[PDB]
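# Compute the structure for the input listed below.
(chains A, B, C and D)
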4 protein chains.
Amino acid sequence: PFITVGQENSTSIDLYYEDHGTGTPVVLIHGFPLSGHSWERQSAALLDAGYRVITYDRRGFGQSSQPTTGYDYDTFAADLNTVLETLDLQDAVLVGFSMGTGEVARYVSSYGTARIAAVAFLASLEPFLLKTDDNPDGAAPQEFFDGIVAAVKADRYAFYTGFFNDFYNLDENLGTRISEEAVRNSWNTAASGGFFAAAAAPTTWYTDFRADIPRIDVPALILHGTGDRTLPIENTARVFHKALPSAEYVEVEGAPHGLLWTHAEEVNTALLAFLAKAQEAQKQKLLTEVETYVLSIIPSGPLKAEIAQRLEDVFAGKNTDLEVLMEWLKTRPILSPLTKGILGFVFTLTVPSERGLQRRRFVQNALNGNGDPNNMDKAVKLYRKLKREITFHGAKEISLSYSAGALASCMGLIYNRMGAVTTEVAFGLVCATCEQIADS
Amino acid sequence: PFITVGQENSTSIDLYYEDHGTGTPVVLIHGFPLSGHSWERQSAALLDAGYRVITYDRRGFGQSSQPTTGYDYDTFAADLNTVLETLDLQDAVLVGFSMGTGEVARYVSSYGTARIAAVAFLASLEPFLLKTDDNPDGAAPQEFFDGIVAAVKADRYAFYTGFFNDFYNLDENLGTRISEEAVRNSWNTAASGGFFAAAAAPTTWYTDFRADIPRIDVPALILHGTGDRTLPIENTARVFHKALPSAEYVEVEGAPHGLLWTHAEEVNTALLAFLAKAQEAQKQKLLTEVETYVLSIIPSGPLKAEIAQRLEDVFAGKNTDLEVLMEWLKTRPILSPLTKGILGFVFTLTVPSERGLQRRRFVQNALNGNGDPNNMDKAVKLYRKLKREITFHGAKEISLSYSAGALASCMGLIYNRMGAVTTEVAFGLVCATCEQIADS
Amino acid sequence: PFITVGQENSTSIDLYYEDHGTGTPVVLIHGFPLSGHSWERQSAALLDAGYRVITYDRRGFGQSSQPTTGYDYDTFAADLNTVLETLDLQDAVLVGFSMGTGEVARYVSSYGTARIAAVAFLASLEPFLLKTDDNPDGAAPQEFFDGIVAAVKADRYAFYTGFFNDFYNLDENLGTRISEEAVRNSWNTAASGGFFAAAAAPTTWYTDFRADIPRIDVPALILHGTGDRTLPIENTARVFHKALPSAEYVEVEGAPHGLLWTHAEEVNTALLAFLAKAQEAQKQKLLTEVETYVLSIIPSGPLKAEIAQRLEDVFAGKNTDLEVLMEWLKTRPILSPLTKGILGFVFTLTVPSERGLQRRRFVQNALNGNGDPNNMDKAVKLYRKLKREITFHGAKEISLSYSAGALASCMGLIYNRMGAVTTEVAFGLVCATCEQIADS
Amino acid sequence: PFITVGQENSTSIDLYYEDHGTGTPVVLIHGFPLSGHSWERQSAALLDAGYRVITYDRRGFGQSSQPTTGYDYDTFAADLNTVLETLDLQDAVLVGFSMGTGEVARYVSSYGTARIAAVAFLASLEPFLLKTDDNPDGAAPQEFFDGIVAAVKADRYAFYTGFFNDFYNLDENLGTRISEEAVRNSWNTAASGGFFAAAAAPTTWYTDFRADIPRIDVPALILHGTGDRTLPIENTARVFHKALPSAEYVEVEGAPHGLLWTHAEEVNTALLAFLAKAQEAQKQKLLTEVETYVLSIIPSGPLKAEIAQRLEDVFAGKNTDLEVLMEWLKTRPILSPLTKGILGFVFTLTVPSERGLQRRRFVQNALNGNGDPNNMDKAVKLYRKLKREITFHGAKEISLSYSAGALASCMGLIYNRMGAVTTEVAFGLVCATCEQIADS
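Numbers count the residues shown, from 1 in each chain, chains lettered A, B, ... in the order given. Below you will find the coordinate block:
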């Protein structure tokens, strides 16, 4: 699996990515000099929690193309964008490690959090590594980084074994937190990378991310190891924490630079919890958006308040008996049959348990669509499009092209188990239907 | 409400009809010299039984146009034909009285019982009134009828009072079985009729309907009053009974010619019972044919015996709890899900009461049609054709052109209340589906 | 009139055929080196006997295309098959002369007598002309045929006069049995043929038809002239008679090879008598098929038996007075006017003499078709199609697409001499009409 | 070289395969956690024997895609099917190792041996690994496998070294039967695999293949190592041998689980011997089938016995004088010329020496195809297709689409040295020709 992110001479630049699972998309950007496969500890964890894990190898690393051009964060972010736009991700979370954290900041700063719901910085580079007079919070002077680049150019293969010695703190964690074989694999991964990328990448570590930080508006996470030798905790995460206090801050005690493997236990717990708070966030903003659309077709009165209250109760978690709600819904005066169907369709979607309750009769006759063959032909054509949809805004906006009668029929088409769409898509079809009714 | 059935000079021949209620269409053809409103005793009864009552006034009578041409049963039938075809009636019932019985027989003979489901002859003219040497069963000679026409031509208004005196047997029924006011209304109606029709109609009473009777194939009813003075019981219905032994025969004791009002109690009871028995009769020949098709997809064994037994039980009237049957159906081993869906679809169709039982889940998932958009697009095209169909053989044969996957999806399309077709049509779709399975 | 039976380079192989008359199809395959027009003595005779004469010119002869390839009986049969299948003939008779006899045998052997009802061999080639050690009954050795081929190649135009001298036995028959002018026409026909075919054909005369003969199962006829010089009576027909004893054997005394003209008297008599046994049989199956259709609209009773009896009487030849039948028909109680019309139409069709009886009034009023312009518009549309129809099954099947009212009107459309269709077609229209009535 | 076998999130599931050499296709399915390249010892050997070696990497292993879904033998077989059908293999042999044996069994069981000629099971999983009460022949209880899965999830890279220690029995074979470097490479291959596949695969080892075994109809081979630690000889192969006694049974003494490298010497000898004998076996099954097809157009009698005997004599090795056979063949009564041609074509094909005998005259005139240009045009089109064919079934089935006349002509087209096709193809043309004649 590859994704063209550029062109070089006769050739085009491809980045080996990887997309698994189904649910909230979580993009994992690796660090130097590994590849997307280094996330395997997190990948397994995130997948078992029902997330959608998306990983890719940075240019000149892993199975990605190995160009001799474009090794700067403006390009690195531009690459990430192409990946995101190609996969058409929405409400996604960006998790970065080492160099990866730089990609996150630069992308957010330049392209904006349109597709992004939350971000995470593991072993951050931010805000500035280079130590200067105007930036005394810098970790190391220019000479340090120049020394690294020269060392790599000398013998990159020999450099790796020495490099990994401070990457995992092998004098402490080898044999205990990281096996001998595990390190051997990382070396091969480092060797598989491009020779040019290996020497070019170090120059990018001291990038000034200070201008990028203020652009971070989505909920963030800052995790870091105290025993990080490559990136000193005080010169990196703690000064980053000052520039971003709203971000959830986590310091793993005695963790080396490569905490993704050595301290996978702690990192996973913190990462999963952060995503959990974010997953509930993106779920709730959707439910309320559905609510406001549904209420927009109900005449102002004492009934509208109750319906809104009963929606809020199920949205929160105060699970009312689905049978009771439906019983209540059907026996409501001054309520359009079409409106009862829409509500019933929403309640079945939101209530966690179906409780073996068969499909309600008053809903079927409400969303039947006048029994007109033409309405159903339009509904089926729309259903085909809604099948390949995964996003709310995507499903909602393509549904607005169909007549209110076709939308009503397509809604019951899904209600009657004759059609299958993701919950987000279904909500989109509902909001699109309510939008048509609010016009007349 | 009128219906053009011909043209006369500058004018067009229109017939005042009347269509009320919803259900099985029952066409009521009146006699001389009244109009469709004379059925009001029966109209209410039929309407209270959930039928669709359709009555019209014969040309030159009631509110219909009064032409001076076309007073023969070949024309009278042509008029009835236009009415039936204009209203596009199917599985309709023809009920005739006096002159009306002639219209029924002639229509059946000439146009065929394509739209007709059953017929009824109240105070029949059949088979032949004219008394000749070759027809000794005739009521009266030529001279008699010629006398009536002359009597009408002299003073038609005075003729009526005398006519109605033997029409209701007023020397017996006035004040008791028929009020003074009721007779006065009959007189007004007689006067409202066309002057030409009043004199022309009597010559049509002695029409030879002997050739028409053998064409009556649909279930028939022969009711008649013993005290019928206008049409003697022996010269009309009893000799008609011999010419049509298969017809249900009813003799009302001491009922006049106009038993429709005087003996409305008995006439309604007999008519309603006859329509009930005819509806049940054609329903049972349908259900058993459906049964053999359903059994044709069930592997021969003790289970096939159980299913056949449960089908015969519901068809008869041994109403099993629909909830119990469905519960039994789902929990059956060695039975294809598609077969369970077909069976469940049949049981819901045949069981008289739905008992507030919501549409079973296991059937919906069986008739979903794999959730494939292509299956539903074909299903909708088929459903469109099945909507304009009303007959079993008609619906079944046009369904065999679609794939087994499309037919299954179209079945669930109806099961989920998303489509509406007559029960006969639905059975055709079931039988057509079973026929596809019986091939493999 | 042509029929594509093959292809040769840029050009196509077409055979000039000819189809006349109506009735039992009789295919006449000519001999060397004439054409289909040589049958003119038999054609006229067969036409006067009510047969359907179909003749065609073999490739490279007459008006057919003149290819330089495919001059063998495997190809000759393939040609005949294409002709037969193109015309879709059923219950047809194959009559061959000279070379023609070979086409018949080969077709029957290879393709089977599916469409064939009977066969006839005039001046047969069978079973084998080539005289060898294994076939001592052969007419002539190999050298003989090769000499002919060379003679034709030398001067085919001069060869013909010599050929025709032994073809008609001019030393006996010139001036008496065949005129000078008659021979002159035959020469032109020989000259009009293809130069290549003239030389190619002789090599096919010594074809081994011994393997073909046993495949003949249909009734056969073997006619031959005793004075046949080209094909010696003993080396051809008499040995053929042994190989096929079931076949009817006829020896014309003192007849030359071309007995078709010289002894047309005898040949016609023998051929017509043989065909007569076959013609009546397939003719009777048609009338009985019509009968059963007519009886299908008559109510079961003593009347149905009488009508069936009177139909059988006229079909046989017990010509009842048409006036008497019509008189009986009209004066029948319990018989629909439409039924009377159909019957009256059949009796007029089958009875040999019209007896100056003008078109019955009661029939016209029965087949008027209610006088509806719409029924007549449909009737005319059907008549247009029935004009180009020739077969019973063909006319019958295209009539079933029209309404029963249209069929009745179209029937009267023909009865009133306003339309003309062949008797077989008319019967198809009747059966199609009776079939519609049997449905209701 | 890849082959799409499924689709996942925005990515496609591709499997890196490998097809080399020319001849009988031999599919090699690898085991856990290696790749197709592990067959390199067998691959070279099979290639030296003139076989067509086809190897592919299972999903999540080697260079194939690494999905997180579809890790079951129903999917594994579905994957294998796509590979086979894409390459359109005919008469192929399936060889499985470790996990690979399961794919073979499941494919044969579900999809059938249509394309398969023979199968081989090296280090089998069959019939059942899971040790339960109903299956006491199980190798290990459930807890064992769960322990492996947990071990892999902990540190899969470290897991491999321990795994490979029992995979090759390194305490015995290291330095002797397997070098240090060879093992190091295997570890690298294991590391290259998917992290998810590594943990998912063990759960598939205890799959119940008992239902699959009876479906094995093609000749089978069961090889296994006695010193197999991963798969105990008694719990796997010996009980498998009981469930499939017809299979050739081979036990390599003192061989570990990875006998493909350690005991490549023995494995190669056994596999090559197995493959050589089975093609020859089916060839005798083919020749007798060819014989019976030739006999299928020969009339039952004393001559049919002689022909069958003379065919058996040449097939065996009793070389009869080719001239004598041809002499006997031509001088046979009651034998169709076409039949003589087919036989003559077979005798020239099967007899080892041509003995300078020129192409028989009686055969050429028998397979000429009536000299019809149309027959030759079809023959050339068929000959073009038969040239690119190498297999019997491949050549035979595409020939059945052409007419019997074209097949006869195409046969003579090859007989006259105007065409060249492999012996298997020519036989395919013969069987296809005889099949058409047997119908008539």
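# which parts of the longest helix seen in chain A are buried?
In terms of residue count, the longest helix belonging to chain A (DSSP state H) is helix A:264-295. Neighbour counts using 16 or more other C-beta atoms under 10 Å in any protein chain shown place A:264, A:266-268, A:270-272, A:274-275, A:278-279, A:282, A:286-287, A:289-291, A:293-295 of helix A:264-295 among the buried residues. C-betas here are computed from N, CA, C, even on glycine.
# So for the residue in the stretch 301-440 of chain A that chain C sits nearest to, what's the nearest residue that isn't a sequence neighbour?
For the stretch 301-440 of chain A and chain C, the shortest gap (C-beta to the nearest C-beta) falls at residue A:373, measuring 27.1 Å. Spatially, and ignoring its direct neighbours in sequence, residue A:373 is nearest to residue B:384 (3.8 Å; C-beta to C-beta, 6 or more residues apart in numbering or on different chains).
# swap in residue A:290?
Leaving aside its sequence neighbours, residue A:290 sits nearest to residue A:427 (C-beta to C-beta, 6+ apart; 5.0 Å).
# can you tell me which residues contact residue A:402?
The contact partners of residue A:402, by C-beta atoms under 8 Å, 6 or more residues apart in numbering or on different chains, come to A:378-379, A:382, A:410.
# okay if I get those as JSON lines plus secondary structure?
Shown next, in JSON lines, are the contacts of residue A:402 (DSSP: H, G, I helix; E, B strand; the rest coil):
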{"residue": "A:378", "secondary structure": "helix"}
{"residue": "A:379", "secondary structure": "helix"}
{"residue": "A:382", "secondary structure": "helix"}
{"residue": "A:410", "secondary structure": "helix"}
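# Show me which of those is closest to chain B.
residue A:379 (8.5 Å).
# quick one: contacts for that closest one?
A:369, A:402, A:406-407, A:409-410, A:413.
# can you pull the buried residues of the longest strand along chain A?
The residue-count maximum for a strand in chain A (DSSP state E) belongs to strand A:11-19. Neighbour counts using 16+ other C-beta under 10 Å place A:13-19 of strand A:11-19 among the buried residues.
# likewise stretch A:197-211?
A:197-202, A:204-207, A:209.
# Repeat that for stretch A:122-138.
Within stretch A:122-138, the residues that qualify as buried are A:122-131, A:137-138, counting by 16+ other C-beta under 10 Å.
# Now for the residues you listed: which two are most distant?
Distance extremes for these: the farthest pair is A:122 and A:131 at 22.5 Å, using C-beta to C-beta.
# ok, back up a step: which ones among the buried residues of strand A:11-19 come in contact with chain D?
Among these, the ones lying near chain D by C-beta under 8 Å from any C-beta of the partner chain are A:17-19.
# Nearest to residue A:34 among those residues?
Distances from residue A:34 to those, taken by C-beta to C-beta, are shortest for residue A:18, at 13.8 Å.
# so how far is residue A:3 from the closest one?
Distance from residue A:18 to residue A:3, counting by C-beta to C-beta, to the nearest Å: 11 Å.
# Which neighbours do these two have in common?
Contacts common to residue A:18 and residue A:3, judged by C-beta under 8 Å, 6+ apart, are residue A:56.
# show me what contacts the residue in the stretch 51-200 of chain A that chain B sits nearest to?
Among all residues of the stretch 51-200 of chain A, residue A:88 sits closest to chain B, at 21.3 Å; criterion: C-beta to the nearest C-beta. Residues in contact with residue A:88 (C-beta under 8 Å, 6+ apart) are A:391, A:394.
# That one and residue A:100, how far apart?
Separation of residue A:88 from residue A:100 (C-beta to C-beta) stands at 22 Å.
# Ok, residue A:131 next?
Using C-beta to C-beta, residue A:131 is found at 22 Å from residue A:100.
# And for residue A:236?
For residue A:236, the distance to residue A:100 (C-beta to C-beta) stands at 14 Å.
# The two: which has the busier surroundings?
Neighbour count, other C-beta atoms under 10 Å in any protein chain shown: between residue A:236 and residue A:100, residue A:100 has more, with 28 against 25.
# Tell me who's in contact with the more buried one.
Residue A:100 makes contact with A:28-31, A:58, A:122, according to C-beta under 8 Å, 6+ apart.
# if we go to 10 Å?
Each residue near residue A:100 by C-beta atoms under 10 Å, 6 or more residues apart in numbering or on different chains is listed here: A:27-32, A:34, A:39, A:58, A:76, A:80, A:94, A:120-125.
# Which members of those occur in strands, if any?
Going by DSSP E, the strands hold A:27-29, A:94, A:120-122 from these.
# so which helix or strand takes in residue A:326?
Residue A:326 is located in helix A:322-330, with elements delineated by DSSP states H and E.
# Distance of the residue of chain A most remote from its centre relative to residue A:304?
Distance from the centre of chain A peaks at residue A:333, with 43.8 Å (C-alpha atoms, centre = their mean). Look at residue A:333 and residue A:304: by C-beta to C-beta, they are 13 Å apart.
# what's around the residue nearest to residue A:290, how many residues?
Residues near residue A:427, counting by other C-beta under 10 Å, number 22.
# any residue of stretch A:140-157 up close to chain D?
No - Stretch A:140-157 lies out of reach of chain D by C-beta under 10 Å from any C-beta of the partner chain, never closer than 15.8 Å.
# now that stretch, how far from the chain's geometric center?
With C-alpha atoms, centre = their mean, to the nearest Å as the basis, stretch A:140-157 stands 34 Å off its chain's centre.
# Roughly how far does residue A:434 sit from residue C:310?
From residue A:434 over to residue C:310 (counting by C-beta to C-beta), the distance is 79 Å.
# The two: which is more packed in?
residue A:434 (22 against 18).
# Farthest pair within the buried residues of strand A:11-19?
A:13 and A:19, at 19.2 Å, using C-beta to C-beta across the buried residues of strand A:11-19.
# Just the strands from chain A, written as ranges.
Using DSSP E, strands in chain A cover A:2-8, A:11-19, A:25-29, A:52-56, A:92-97, A:116-122, A:220-225, A:248-252.
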